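Residue numbers (the authors' numbering), protein chains in the order written: chain A, 853 to 902; chain B, 903 to 1030; chain C, 352 to 552; chain D, 1 to 51.
Encoded as structure tokens, the structure appears first; notes follow it.
Given below as structure tokens:
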């Protein structure tokens, strides 16, 4: 009959937290395609994105 | 030639029974847009074929002969794109029925009729 | 997709403009989030009335490149160079004249002004980027090798149950050119019938 | 203008894919409803007085 709740600087940690695995993956994918447009290739981009 | 699209918009919404509303207004705007589209797509070829060193009357014939296929291509593509709004029933289907019949009736008469007619309006010799 | 496959009669080429259809409406979703316009039924209404107006500038350029590859035996790498230099003034023209039917409707007030919006912006953004997706990439991906040189069977009989389709089609073009010749022959009743149909309109 | 892309197709494919997955992640961050704010704004004052 007694609930618990979060306030203050921790309250956002209750909502959608660190999206760092998302932003890393999308940010590596967009640069992988951007320098592919620079190179006019696909496998030569791999040699500099790894 | 925008009357030659809105006459079919009018007769389609009359024989369907749906009345004039905001959807009929945006339908007549888009049907005069597509009427202008499939008219200028051959009148520009008639213009360049005349102004490359030909007369006005043979250039229109050569342009419509060379361009009849993409006109009917765009027309049948559009009509099969906007038929599933007219044939659908269910949730929110009244707005789809109001927006579909006007554009199908405008488009079929902008296609099947004006292809004879924008050459006749182009070869008006007062446009010299 | 399948009706333009029935027109083009080539499975390796008919997906060339229908991969141009998912690249644009998602792009219009790039515009609405840039303008705060939320997804409603009117935006989807605009897109389903705009997909027929959408792929036209791509089907005319693939029609021109297959025409210049059927009439002349050129490779597509230079056939695209010959085509896009001669039809550059039309595919931008239909988009610029189709944007202008929906630009002045967005500035009107009232409760019908906001319902005229989401019928304006989702079409003018589409036709604003349909012209660039028509001029930037589909000549390139039609020009690589995706239209191979196919001679011998130029569609005069073409075989199969679909082989009489173009056989009826060029006969209809012959009837059409004979009809427009008879139209420009007399031209006397063909203005009074225009006056009586606008008077009926 | 063209002629910069028929010789460079990967640039065109990258532009296509970046506008695709620029819209495709942006669909997941805007709301969906049936209709926009079609109704006019209205303010209502209200009192109750028993008896």
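The beta carbon of each residue, even a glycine, is placed where N, CA and C say it ideally should be.
Where residue i meets chain D, residues with beta-carbon distance less than 9 Å
| i | result |
| --- | --- |
| residue 499 of chain C | Correct list: empty, because the minimum Cβ distance to chain D is about 16 Å. |
| residue 899 of chain A | None at all; the shortest Cβ gap to chain D is about 16 Å. |
| residue 366 of chain C | By Cβ distance, chain D contributes nothing, its closest Cβ being about 14 Å from residue 366 of chain C, past 9 Å. |
Expected contact under 8 Å - CB spacing of residue i and residue j to nearest Å
| i | j | result |
| --- | --- | --- |
| residue 412 of chain C | residue 485 of chain C | 6 Å |
| residue 1005 of chain B | residue 984 of chain B | 6 Å |
| residue 936 of chain B | residue 377 of chain C | With 8 Å as the limit, residue 936 of chain B and residue 377 of chain C do not qualify as a contact, their Cβ atoms being about 24 Å apart. |
| residue 1025 of chain B | residue 958 of chain B | 5 Å |
| residue 30 of chain D | residue 384 of chain C | 5 Å |
| residue 406 of chain C | residue 368 of chain C | 5 Å |
| residue 944 of chain B | residue 904 of chain B | Not a contact, Cβ separation roughly 16 Å. |
| residue 977 of chain B | residue 1013 of chain B | 4 Å |
| residue 491 of chain C | residue 36 of chain D | Incorrect: roughly 38 Å between the Cβ atoms, too far for contact. |
| residue 397 of chain C | residue 474 of chain C | 5 Å |
| residue 1003 of chain B | residue 988 of chain B | 6 Å |
Secondary structure of residue i, DSSP reduced to three states
| i | result |
| --- | --- |
| residue 443 of chain C | helix |
| residue 32 of chain D | strand |
| residue 390 of chain C | strand |
| residue 922 of chain B | coil |
| residue 415 of chain C | helix |
| residue 452 of chain C | coil |
| residue 407 of chain C | helix |
| residue 863 of chain A | helix |
| residue 893 of chain A | coil |
| residue 876 of chain A | helix |
| residue 901 of chain A | helix |
| residue 928 of chain B | helix |
| residue 467 of chain C | helix |
| residue 557 of chain C | Outside the displayed span of chain C (352 to 552) sits residue 557 of chain C, for which this structure offers no information. |
| residue 2 of chain D | coil |
| residue 49 of chain D | coil |
| residue 1018 of chain B | coil |
| residue 998 of chain B | helix |
| residue 1029 of chain B | coil |
| residue 422 of chain C | helix |
| residue 436 of chain C | coil |
| residue 885 of chain A | helix |
| residue 11 of chain D | helix |
| residue 370 of chain C | coil |
| residue 430 of chain C | helix |
| residue 1003 of chain B | helix |
| residue 991 of chain B | coil |
Within chain C, the residues that residue i reaches when beta carbons sit closer than 7 Å
| i | result |
| --- | --- |
| residue 935 of chain B | 449, 452 |
| residue 29 of chain D | 384 |
| residue 40 of chain D | 462 |
Where residue i meets chain C, residues with beta-carbon distance less than 9 Å
| i | result |
| --- | --- |
| residue 35 of chain D | 391, 392, 393, 466 |
| residue 43 of chain D | Simply none; closest approach about 17 Å. |
| residue 48 of chain D | Simply none; closest approach about 31 Å. |
Partners in chain A for residue i, counting only beta-carbon separations shorter than 8 Å
| i | result |
| --- | --- |
| residue 52 of chain D | The question about residue 52 of chain D has no answer, for chain D in this structure spans 1 to 51. |
Chain D residues whose Cβ lies nearer than 8 Å to that of residue i
| i | result |
| --- | --- |
| residue 883 of chain A | Within 8 Å Cβ-Cβ: nothing; residue 883 of chain A doesn't reach chain D, min ~11 Å. |
| residue 487 of chain C | 2, 5, 12, 15 |
Where residue i meets chain B, residues with beta-carbon distance less than 7 Å
| i | result |
| --- | --- |
| residue 358 of chain C | 975 |
| residue 532 of chain C | 963 |
Partner residues on chain B for residue i, Cβ-Cβ distance less than 8 Å
| i | result |
| --- | --- |
| residue 370 of chain C | What residue 370 of chain C touches in chain B: nothing, since even the nearest Cβ is about 16 Å away. |
Within chain C, partners of residue i - CB distance below 8 Å
| i | result |
| --- | --- |
| residue 931 of chain B | 452, 453, 456 |
Closer than 7 Å at the beta carbon, the chain D residues around residue i
| i | result |
| --- | --- |
| residue 373 of chain C | 20 |
| field | Whole runs of the alpha helix (DSSP H) within the segment 510 to 542 of chain C, excluding any shorter than 4 residues | value | 516 to 537
| said: Can you confirm whether the segment 380 to 398 of chain C touches the segment 464 to 471 of chain C when touching is taken to mean that 3 or more C-beta pairs between the two stretches lie within less than 8 Å? | reply: yes
| Every unbroken alpha helix (DSSP H) within the segment 925 to 966 of chain B, with a cutoff of 4 residues, ordered by chain | none
| Segments of 4+ residues assigned as alpha helix (DSSP H) that fall wholly inside the segment 474 to 509 of chain C | 489 to 494
| query | With a cut-off of 8 Å, do at least 3 Cβ pairs link the segment 906 to 913 of chain B to the segment 1006 to 1018 of chain B? | reply | yes
| field | the segment 473 to 484 of chain C in contact with the segment 428 to 448 of chain C per 3-pair CB rule at 8 Å | value | yes
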